[PDB]
Amino acid sequence: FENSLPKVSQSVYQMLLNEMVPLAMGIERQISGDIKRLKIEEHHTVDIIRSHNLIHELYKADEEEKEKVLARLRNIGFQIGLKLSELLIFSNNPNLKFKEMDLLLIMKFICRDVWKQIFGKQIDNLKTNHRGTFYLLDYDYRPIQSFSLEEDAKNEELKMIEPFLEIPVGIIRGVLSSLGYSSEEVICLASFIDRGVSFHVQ
Amino acid sequence: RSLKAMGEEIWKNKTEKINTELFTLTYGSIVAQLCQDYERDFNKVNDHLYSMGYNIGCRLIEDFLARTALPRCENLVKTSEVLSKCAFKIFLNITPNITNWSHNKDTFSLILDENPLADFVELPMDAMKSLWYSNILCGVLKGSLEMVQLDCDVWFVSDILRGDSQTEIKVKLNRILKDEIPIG
Amino acid sequence: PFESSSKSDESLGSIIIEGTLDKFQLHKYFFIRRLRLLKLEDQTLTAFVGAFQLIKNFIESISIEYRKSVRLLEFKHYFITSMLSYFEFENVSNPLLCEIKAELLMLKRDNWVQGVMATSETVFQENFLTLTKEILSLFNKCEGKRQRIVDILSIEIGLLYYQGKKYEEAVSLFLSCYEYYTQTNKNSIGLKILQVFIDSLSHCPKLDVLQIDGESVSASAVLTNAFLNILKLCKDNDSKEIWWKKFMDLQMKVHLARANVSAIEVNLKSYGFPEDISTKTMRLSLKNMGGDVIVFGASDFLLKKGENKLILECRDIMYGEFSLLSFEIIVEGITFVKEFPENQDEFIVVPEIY
Amino acid sequence: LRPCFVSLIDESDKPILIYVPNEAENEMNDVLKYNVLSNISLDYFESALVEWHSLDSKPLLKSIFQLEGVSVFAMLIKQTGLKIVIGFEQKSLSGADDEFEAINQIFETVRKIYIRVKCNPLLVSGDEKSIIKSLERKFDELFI
């Protein structure tokens, strides 16, 4: 039961997870279709922006370009979600067969194993409306503990945190479409009760 | 006490997780993004990977120095010691080897044994001759060393995925940065 | 009692198998243990079929036991151990699962008989195999499911029809079934079914086509042969496609509409020429050796259509053919509003609208 | 112990790959007599003669039928809806029980190379030819 098979650090993955978002902003704002910096390579030059200025460029982003960004985040979460679910297949969980007729039985899979694998802990609560709408909860979403809010400007800080939520949107969308189809699935906020984010699915 | 002993020692108080099934396919998924968004360009992807690598190396050097408190390096003996004997030990659970320095010891190479960034990838035929895969590592080894007051330049020579020769990275001191003291 | 008999029978069979010697007489002890298991499972709806599986694995294991060519005659004894077991499974009028069990038993008996007969009545062998395959096909068709084995059984029966000279071809007449095994998924089965249909059309010598629809045509062979040329392996069998295109040219019967997936044409930049602008030179690739057609690449304006750039003579016989495609009568005084609505149809007495 | 054909079937009627060992010489090899068993194997998943019970978490192995001197084995892996079929003849079979675990080793070591091939990041999403080509070079690495 206790498998001690090879491993790396959590911190470098968590910070790579965090810099997937300005990677997406950099790949959209620089599509190369015809203040910044400059670097020296051998007979070669690159020109970069830094991350927090690019999140501030998301604060000054166009509205249609903002949703053009957010498709890419759920696309990359979708890819890593379906491939990570495909590796979970090796685990041989006995809950499910295919097409998820009993939808909460694989909600008892994702909270038990997938969120344990990505974020080191279970999803602490799940509430069930029986029309397919299921109410996620976790008190502390793991890759936003390191995001420091500024001094008394939390209305900007909400708007600069919640575009980091499209990656687990991609995770749960990818593990659903590894098991057959696409249905609607959104985010929430759910201000926590004792000293983070909620999710809806069909 | 030794830099082998510290780098192995941090693995008793470091939070860990699986190196397959996460963290390989993160890099694979973002390089799939860069391949599909540039319509399979093979050299601009190296530039954007090196840019994101520079940013993550400049952000990672502080966690490396706060994890083990070490003095500022000055030559390519202490950097070639500290890299291969604790840095890839505590960030990737691996250890490379050092060879092919010059007569003035102003370079070395960075032969890597088990790269956990590319485990069973086997890149296709067109990308095999005009693409470097692990450019996030060359970005890290630029951006980390550029903040301990050394200008540097770190480049791949060959890797296992396209070539019979091993995975190695070449590197030049390219001078020592001068710390700016006065007011003006 | 039943579970204790099963567990004790398995343990006693292993304990009797712990003794090494007298393996030839141990067949009788295994048959006695099988009879003891069969007496316990005398009244079971589905588990008796599982007891048939307890037969069948033992019928595997006895097939693992005897290893000789003359033991094929002992497999004939296993045919008796099928047939008496068929007598142990004939105690039903009609049922869902018993029909499939009888189908599996008849398939095992037919496979054993075909293994025995092929070791060395030759005309009557086809009639007896067709009778047994017709019985097994009726038994498999008498079910709520299992259309996949029934289609392969009907294909085997039609191949047995083709195993003698027959003008009446059920598989070739079932071009719906040929497209069911050819349109997608199936290929190697389709590449033999289309070869059988083309050989039956070669030995047809008739012009009375299929009466299941309005498809009365002597170019139905060419319609199937387009799919046979698309599903061909390589240019090693290109003579079959060339001969079928030659037969379609000789027997022309000109109305057709092909998807033209066997040909690949790519365009280039628009230009001009002397007294009529010869825009849109295009390079084309093909599998057939000889092809001449008036290929015109249409183009749609905002409310018009040029439909220009046709060449009457085409001796090109290579990939990237680089057709000039001279385009007289430029519409809208050579405006730039015309987008692409390219038919690119290359009519060579039959239209291929890609 | 070596097989005579392998087969991978997804959740539809499609085959991902029908690979036989030794395509390079003819040697009286009929791909036709292999595809008919693969076509009826997807039929005999739904048959009530065999059943894959789901109480054990580990996916299990069965012995569906035996035709033309060839025995086939079909291990439905439950969750992703992939159907796999490997075939062996009687001359390769020894009839023992120790070989059954080695057969399950062959089944899991082709499932491992399937999940390693389809989790290549650089392949474009969709049923390419490159998944088939990568699968056959890995199989020819496994089977000379």
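Going line by line, the protein sequences match chains B, C, I and A. When the letters of the first sequence are read in order and numbered with PDB author numbering, they come out as residues 33 to 66, 85 to 245, 257 to 263. When the letters of the second sequence are read in order and numbered with PDB author numbering, they come out as residues 8 to 191. When the letters of the third sequence are read in order and numbered with PDB author numbering, they come out as residues 252 to 371, 399 to 530, 551 to 652. When the letters of the fourth sequence are read in order and numbered with PDB author numbering, they come out as residues 3 to 146. Note that CB positions come from ideal geometry on N, CA and C, so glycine has one too.
For residue 117(B), there are no neighbours in chain A by C-beta distance under 8 Å, as the nearest C-beta there is about 22 Å away. Close to chain I, meaning a Cβ-Cβ distance shorter than 8 Å, are the following residues of the stretch 44-61 of chain A: 44, 45, 46, 48, 49, 50, 51, 52. Residue 156(C) is outside the set of residues whose beta carbon lies under 7 Å from a beta carbon in chain B. Secondary structure note for residue 216(B): its alpha helix (DSSP H) is the uninterrupted segment 216-227.
At the C-beta level, residue 145(C) and residue 128(C) stay beyond 7 Å of one another. Each residue's CA atom was taken as its position, placing residue 188(B) and residue 167(B) some 15 Å apart. Contact note: residue 466(I) reaches chain A through 33, 34, 37, using a C-beta cutoff of 7 Å and chain order. For residue 97(A), the nearest CB of chain I lies under 7 Å from its own CB, placing it at the interface with that chain. If you draw a straight line from the Cα of residue 85(C) to the Cα of residue 122(C), it is about 23 Å long.
Its chain contains 370 as the residues whose beta carbon lies nearer than 8 Å to that of residue 320(I), once the 5 sequence neighbours on both sides are disregarded; these appear in chain order.
In the DSSP assignment, residue 71(A) falls outside any alpha helix (DSSP H) and carries neither an H nor an E.
According to the DSSP assignment, residue 185(B) belongs to no alpha helix (DSSP H) but to the beta strand (DSSP E) extending over 184-187. By alpha-carbon distance to residue 45(A), the top candidate from 76(A), 139(A), 8(A), 127(A) is 76(A).
Per DSSP, the continuous beta strand (DSSP E) segment holding residue 580(I) begins and ends at 580-583. Between residue 137(B) and residue 224(B), the gap from beta carbon to beta carbon reaches 7 Å or more.
Between residue 415(I) and residue 428(I), the alpha-carbon positions lie close to 6 Å from each other.
Its Cα nearest to that of residue 606(I), the residue 642(I) stands out among 634(I), 642(I), 591(I). At a cut-off of 7 Å, the C-beta of residue 408(I) has no neighbouring C-beta in chain A. Taking every protein chain shown into account, the CB of residue 17(A) has 16 or more other CB atoms within 10 angstroms, so this residue is buried. Only those residues of the stretch 44-60 of chain C whose C-beta falls short of 7 Å from the nearest C-beta of chain A would be listed, and there are none. Going by beta carbons, residue 597(I) and residue 638(I) fall inside the 7 Å limit.
Residue contact with chain B for residue 23(C): present (Cβ-Cβ distance below 7 Å to some residue of chain B).
Beta-bridge partners of residue 160(C) (DSSP): 179(C). Residue state for residue 76(A) is assigned as strand, using DSSP reduced to three classes. The beta carbon of residue 30(C) sits no closer than 7 Å to any beta carbon of chain A.
Between residue 138(A) and residue 132(C), the alpha-carbon positions lie close to 16 Å from each other.
Identification of residues in the stretch 301-317 of chain I having a C-beta nearer than 8 Å to some C-beta of chain A yields 301, 303, 304, 308, 311, 312, 314, 315, 316, given in sequence order. In the DSSP assignment, residue 175(B) forms a beta bridge with 187(B). In the same chain as residue 159(C), and ignoring 5 residues on each side of it, the C-beta atoms closer than 8 Å to its own belong to 148, 149, 152, 153, 178, 179, 180, 181, in chain order. Taking the beta carbon of residue 118(A) as reference, the chain C residues within 7 Å of it are 127, listed in sequence order. For residue 110(B), the closest alpha carbon among the candidates 151(B), 88(B), 57(B) is that of 57(B).
Straight-line measurement puts the Cα of residue 119(B) at about 12 Å from the Cα of residue 62(B).
Taking a Cβ-Cβ threshold of 9 Å, none of the residues of chain C is close to residue 218(B); the smallest such distance is about 13 Å. Here residue 602(I) is exposed, its C-beta having fewer than 16 other C-beta atoms within 10 Å.
In the three-state reduction of the DSSP assignment, residue 556(I) falls in the strand class. For a Cβ distance threshold of 8 Å, nothing in chain I lies close to residue 5(A): the least Cβ distance comes to about 17 Å.
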